[PDB]
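Read the structure below first, then the notes.
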RNA sequence: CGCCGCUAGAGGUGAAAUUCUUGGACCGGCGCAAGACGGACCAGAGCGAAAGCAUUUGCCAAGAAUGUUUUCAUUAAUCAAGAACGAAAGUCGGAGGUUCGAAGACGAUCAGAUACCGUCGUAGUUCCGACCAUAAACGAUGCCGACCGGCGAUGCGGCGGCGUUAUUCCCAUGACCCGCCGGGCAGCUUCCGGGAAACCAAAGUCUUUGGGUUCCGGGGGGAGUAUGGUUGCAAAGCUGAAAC
Ligand SMILES: [Mg+2]
Ligand SMILES: [Mg+2]
Ligand SMILES: [Mg+2]
Ligand SMILES: [Mg+2]
Ligand SMILES: [Mg+2]
Ligand SMILES: [Mg+2]
Ligand SMILES: [Mg+2]
Ligand SMILES: [Mg+2]
Ligand SMILES: [Mg+2]
Ligand SMILES: [Mg+2]
Ligand SMILES: [Mg+2]
Ligand SMILES: [Mg+2]
Ligand SMILES: [Mg+2]
Ligand SMILES: [Mg+2]
Ligand SMILES: [Zn+2]
Ligand SMILES: [Zn+2]
């Protein structure tokens, strides 16, 4: 017997994107503080295109299968 | 034929230098150039029969 | 019936594997189905090592080995005393010591 | 309608000259009477002249080609080999 | 003859090609290059019968006679190349090689290094046997 | 290379419906003499005389030159009209960036 | 007749820089009429491994020598080829490694053009349970470019004395093993074979320059 | 007798009977 | 095949013989030519709808899985007729012909061999074009979908882990180690349940019998035969019965 009504959060983090009960995704939105000028740029986690900041003309994200890697020393936060 | 490398596929050549075309003249044929000697300027060719 | 689950060989994903000749009777056999071994031998008789160790020019530093991927088919390997038969629960075994 | 089922262009011969001979003459009579697309002007007005000579109605540009088709596959092989041995180390 | 060099302690080298087959055995003594065959005795030369020319007794008599002739022509040491029929055939050497190394090292003929230059193909042009090959 | 030709085909798809262009040698000569044309595109197998003349008019009139590597049948495929064509003239690029890609 | 009463004895002098230059001694017939004695000497070769030439390098990695000419009963040889012994080559092919090949034609500074090869293997890194250790094949296509690239700079701008002096410690192999580390841990890097296809010229002046 | 060679003999008999039919159409 | 040295045997077998051999074979050494083939690395590994695919390199399009807070919004599954691929062998043209080798030839073994063994050698084996559409085409298990135990693996993505290690010095991807997720090829165990059993995580969720759907079998022989029709150049393929 297993409580499917109230499962363990350790299980809920481990299980797949869509196996669990509420089926929320695993991606997030991250705010990148640009090294060049000042600008905070809202960017998606699993971005597919290159992300150019409109002022500084420096490449933020090299898009990769999975989640993109950043350029150099750019923090991020979790917001919902 | 001294200019061309071996493996060159030609047609309408001279046997002796200066008789304006004798070998491999018929329709749809070719001679093939192989094995140059630098000194004593000679060259092997394959004729369309199989004569080297 | 099935005598074996794997049908003898080890092809499962494939549709066709190359054949390789046997050494004895020269029959082509798919190269997982064949009985495969590998003879590492001293190229001298191990009893005859000492005769060459007597009159060897160098200081016994040359020690040549002969390596052969040896490759049998099952129809002659059993006759040539390699793959001797077993029991029902003894077919489930792996590598001999 | 479809007036013949098998013989195609070779029906002009009739019941004579033999089955396999008509079978082997079909596949190259279609080739020598087919219009081809000119590689120069881009139109489809190639037509065979006397044997070995091909001609396009636009631009009058006359190309020495195969005896029955526009290019022999052996000749295309020779042209590819000639350009390869050309740019191979510059003679 | 006087042959090579004197001043003992120095060895005069020769290459011995040993060719061990399942129905014959060759021992062959050549110079370091390979053209000049010094002495060449097979197994069937030493044994009269036809079936014994792959037996290990044939390699002993071939080895004794070649070791005699090499001492006659004054060459001391031997590098040893060993081989069998390796194209499509049995890559293993015959039984004669075990005999021929022993009966060279036993009576003079000091040995340098030994290699097994058996001609191994890349990818095996068709076998002599057929589809199902040898039967009995 | 392949990204360049795919860029050429996609930007020609956009110029096909958005921008303004003229076709044909005689009509492009009007636009190149009037300077209205910005960028000319010549097919591979156009004759060498006409190719040299259009390239000479462009080097006179300060106009972008491009050689479309391809037979004039598939140049018509590129411009999206069933007849064949040898010379494109982008006299008004509406949304594209073909001229802002190479020169 | 007993023709070994007739056959003449020459000594075989090795070329430079090995450590010592006495290979051995050979035997032809005798300069008699049309048959000059120096003819077969121009054609003979020599197959000899190390530890007697290079004075205690590796025992394997044979060398092939082509006898250039003879000089006052001394027959001198130039470099011809370099091979590995069958026992060493058939060793170090383990069932669960990944054998990697490479081959390249390359011209020297002078008129020599030569073909040389390369063999490589993967390596079980220490502290490992996964007993396979294969490569994803794109690192293999990377490393064939790498091993073809480095040989072009050790051979293409060098001459023969320097490339043989590179082949003495396998400096090509130690260099590829060093430059390999960022891509994969290769193991037992060798060149395994180098053989000539065209010799430029006889050049006894270059032979005397090889000596001193 | 194998089913293989039984099919072969029936096949050869079929070819013989076809030749007999074509000999008397 | 060309030369170079030596020298009477060399092949080949259960044992020998046919065959090559002082006109120098086999053997070694160098070199050239031709065609076929890609060993070892190669595994209960991958990929492909299957048949299949293994030297390097480039070009050409194509695809699975994974990641996705991307788009469209029921476009879905199985399918009579119809259609594309479909190993080996076989057939028709063109090119060449290394090895093997049906047929055929001999030599031996046997009472007899036309069989196995050996020597020679035809078509084919190769490539380019067309056809034929069959196999123990096998996991002898139609396809899609869901549920029902565990365990260690391994291949491919993705994610987490101041563990270790190579750069030069952060930095990343590199190489192992630890663990999770997705689906793939598999395996050990078990009283999951089944079946006639062998055995199977499917061949289970079936007398408590119903998720959807195509093809099929009805004692053995006669027989995939006859006979019609249809395809094929032909070999034959597809459909296919009865008397007894
Ligand atoms: Mg049984
Ligand atoms: Mg199969
Ligand atoms: Mg018997
Ligand atoms: Mg020979
Ligand atoms: Mg086929
Ligand atoms: Mg026939
Ligand atoms: Mg005919
Ligand atoms: Mg004909
Ligand atoms: Mg034969
Ligand atoms: Mg069937
Ligand atoms: Mg089905
Ligand atoms: Mg089916
Ligand atoms: Mg991984
Ligand atoms: Mg990567
Ligand atoms: Zn066998
Ligand atoms: Zn035209």
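Residue numbers (the entry's author numbering), protein chains in the order written: chain Bb, 4 to 83; chain AA, 104 to 155; chain Ba, 2 to 98; chain Ap, 2 to 92; chain BO, 16 to 151; chain Ac, 7 to 109; chain BB, 22 to 233; chain An, 1 to 25. Idealized CB from N, CA, C, for every residue including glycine.
Using C-beta distances below 8 Å, list every residue in its chain close to residue i, excluding the 5 sequence neighbours before and after it, in chain order.
i, result
"residue 38 (chain Ap)", "44, 45 and 47"
"residue 53 (chain Ba)", "45"
"residue 107 (chain Ap)", "Residue 107 (chain Ap) cannot be examined here, being either before or after the span of chain Ap that is shown, 2 to 92."
"residue 19 (chain Ac)", "86"
What is the DSSP secondary structure of residue i, counted as helix, strand or coil?
i, result
"residue 88 (chain Ba)", "coil"
"residue 31 (chain Ac)", "helix"
"residue 80 (chain BO)", "helix"
"residue 107 (chain AA)", "coil"
"residue 37 (chain Ap)", "strand"
"residue 18 (chain Ba)", "coil"
"residue 93 (chain Ac)", "strand"
"residue 95 (chain Ba)", "coil"
"residue 47 (chain BB)", "strand"
"residue 53 (chain Ba)", "helix"
"residue 104 (chain Ac)", "coil"
"residue 124 (chain AA)", "coil"
"residue 22 (chain BB)", "coil"
"residue 114 (chain BO)", "helix"
Taking residue i as the reference, give the member of the options with the closest Cα.
i, options, result
"residue 161 (chain BB)", "BB:97, BB:96, BB:203 and BB:100", "BB:203"
"residue 105 (chain BO)", "Ba:76, Ba:69 and Ba:98", "Ba:69"
"residue 216 (chain BB)", "BB:138, BB:48 and BB:121", "BB:138"
"residue 105 (chain Ap)", "Ap:17, Ap:36 and Ap:16", "Only positions 2 to 92 of chain Ap appear in this structure, which leaves residue 105 (chain Ap) out of reach."
"residue 125 (chain AA)", "AA:131, AA:150 and AA:117", "AA:117"
"residue 209 (chain BB)", "BB:187, BB:43, BB:197 and BB:93", "BB:197"
"residue 42 (chain Ba)", "Ba:78, Ba:14, Ba:88 and Ba:67", "Ba:67"
"residue 86 (chain Ap)", "AA:152, AA:137, AA:154 and AA:150", "AA:137"
"residue 67 (chain BO)", "BO:36, BO:107 and BO:120", "BO:36"
"residue 174 (chain BB)", "BB:157, BB:185, BB:156 and BB:193", "BB:193"
"residue 34 (chain Ba)", "Ba:64, Ba:76 and Ba:60", "Ba:76"
"residue 20 (chain BO)", "BB:24, BB:23 and BB:48", "BB:48"
"residue 106 (chain AA)", "AA:149, AA:151, AA:154 and AA:140", "AA:140"
"residue 83 (chain Ba)", "Ba:58, Ba:15 and Ba:71", "Ba:71"
Near residue i, what residues of its chain come up, given a Cβ to Cβ distance below 7 Å and the 5 sequence neighbours on each side ignored?
i, result
"residue 42 (chain Bb)", "56 and 58"
"residue 179 (chain BB)", "129 and 130"
"residue 70 (chain Bb)", "48 and 49"
"residue 33 (chain Bb)", "46, 48, 79 and 80"
"residue 68 (chain Ap)", "52 and 53"
Short of 6 Å in beta carbon distance, which residues of its chain neighbour residue i, apart from the five on each side in sequence? Order them along the chain.
i, result
"residue 29 (chain Ba)", "20 and 22"
"residue 109 (chain Ac)", "70"
"residue 51 (chain Bb)", "66"
"residue 30 (chain Ap)", "10"
- Task: Count the CB pairs spanning the stretch 107-124 of chain BB and the stretch 38-57 of chain BB that are closer than 8 Å, and state whether there are at least three.
- Result: No contact exists between the stretch 107-124 of chain BB and the stretch 38-57 of chain BB.
- Item | Validate contact between the stretch 96-109 of chain BB and the stretch 22-40 of chain BB using beta carbons, cut 8 Å, 3 pairs | Below 8 Å, enough C-beta pairs join the stretch 96-109 of chain BB and the stretch 22-40 of chain BB to call them touching: three or more.
- Does the pairing of the stretch 81-97 of chain Ac with the stretch 23-38 of chain Ac give three or more beta-carbon distances under 8 Å? Yes: the two stretches touch, three or more of their Cβ pairs being nearer than 8 Å.
- Task: Let me have the residue list for ligand 2: C-beta closer than 7 Å to any non-hydrogen atom, ordered along the chain.
- Result: Counting only heavy atoms of ligand 2, the residues whose C-beta sits closer than 7 Å to one of them are, along the chain, Ba:16 and Ba:17.
- Item | Cβ contact check for the stretch 72-83 of chain Ap and the stretch 71-82 of chain Bb: 3 or more pairs under 8 Å | The stretch 72-83 of chain Ap vs the stretch 71-82 of chain Bb: no contact.
- Query: Are there three or more Cβ pairs, one per stretch, closer than 8 Å when the stretch 111-123 of chain BO is compared with the stretch 74-89 of chain BO?
  - Reply: By the Cβ test, the stretch 111-123 of chain BO is in contact with the stretch 74-89 of chain BO, since at least three Cβ pairs between them sit closer than 8 Å.
- Query: Does the count of Cβ pairs from the stretch 136-147 of chain BO and the stretch 52-64 of chain Ac closer than 8 Å reach three?
  - Reply: In short, these stretches do not touch, since the Cβ pair count stays below three.
- Message: I'd like to know if the stretch 54-68 of chain BO and the stretch 91-106 of chain BO are in contact, where contact means that at least 3 CB-CB pairs between them fall below 8 Å.
- Response: The stretch 54-68 of chain BO makes no contact with the stretch 91-106 of chain BO: fewer than 3 CB pairs, one atom from each, lie closer than 8 Å.
- Item | Inter-stretch contact at 8 Å, needing at least 3 Cβ pairs: the stretch 102-112 of chain BB / the stretch 41-51 of chain BB | Under the three-pair Cβ rule at 8 Å, the stretch 102-112 of chain BB does not count as touching the stretch 41-51 of chain BB.
- Between the stretch 83-92 of chain BO and the stretch 22-39 of chain BO, do at least 3 Cβ pairs fall closer than 8 Å? At 8 Å Cβ cutoff, the stretches touch.
- Item | Those residues, in chain order, that have a beta-carbon closer than 5 Å to some heavy atom of ligand 15 | Answer in sequence order: Ba:23, Ba:25, Ba:26, Ba:74 and Ba:77.
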